[PDB]
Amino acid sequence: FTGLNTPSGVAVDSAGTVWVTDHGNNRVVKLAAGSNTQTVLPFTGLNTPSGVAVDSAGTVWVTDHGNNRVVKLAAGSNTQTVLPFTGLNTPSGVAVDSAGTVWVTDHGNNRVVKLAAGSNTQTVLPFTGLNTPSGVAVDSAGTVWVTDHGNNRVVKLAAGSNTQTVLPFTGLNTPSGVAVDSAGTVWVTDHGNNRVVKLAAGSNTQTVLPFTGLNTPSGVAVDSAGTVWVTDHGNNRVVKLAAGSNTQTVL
């Protein structure tokens, strides 16, 4: 990537294309799968965009944090769509599944809202006790993980459940992004400690990834191989740690 300023959200598709919220420049930039081909999405009127999510079809959703809305752009389209969410305040994270259901962390209202594919009326997920939540992630089942940023914790809600689970991460400080793979492993950007941590689905003690020189990292995204992308927000770059490596690369 080039020309990023304070990048925040990152999303990766199954084809391996990478989208980043070039938050300081009110735009979304894209790095095509398997090359150094950068393009810039034709979003208009964004203000401090935070999160970004993408589906298999190349449709991109962005949380327009300053304008309290979520905007969608289909691949190759010049027309953005404002989703029928209501009552949002400074929304942060967004995640989508393969059906086009959209989950948004409604940060200012300490809640996560959902727009089921095909529906036009949001539901509020029954999380409780959230404070200034940020990242959100979903798996193919609709299990939702939210970074409960104000409480230094990550919380999981299975779909349709009224039981939320606090994940046993250790030493988190103002965490930001969260990402999950098909194996149930959970990665979290520990923004306050300049590191990324991970918890496997059947483990109780986190692993710390050997990233180095991160500054206020924000977004994180993962693929099915366990390769991780992090927005190194303070250094205007996106870093990548492949599965099984101790040497990060810079996109």
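Residue indices: 1-based, along the sequence shown.
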Exercise for the section: Mind pulling up the entry and telling me whether 28-36 or 185-193 has the higher mean Cα temperature factor? Expected result: 28-36
Practice task
Give the stretch, out of 158-166 and 80-88, with the larger mean C-alpha temperature factor in the deposited entry.
Solution key: 158-166
Problem - Highest recorded Cα temperature factor - choice among 207, 48, 59, 218 - result: 207
Problem - Residue with highest C-alpha B-factor in the PDB entry, from 21, 17, 231, 227 - result: 17
Fill in the blank from the handout: So, residue 99's CA B-factor, relative to its chain, sits in which third? The highest
Fill in the blank from the handout: So, residue 140's CA B-factor, relative to its chain, sits in which third? The highest
Completion exercise
On the chain's distribution of Cα B-factors, residue 199 falls within the third called middle
Fill in the blank from the handout: Here the Cα B-factor of residue 109, set against its chain, lands in the third termed middle
Fill in the blank from the handout: The third of the chain into which the C-alpha temperature factor of residue 70 falls is the lowest
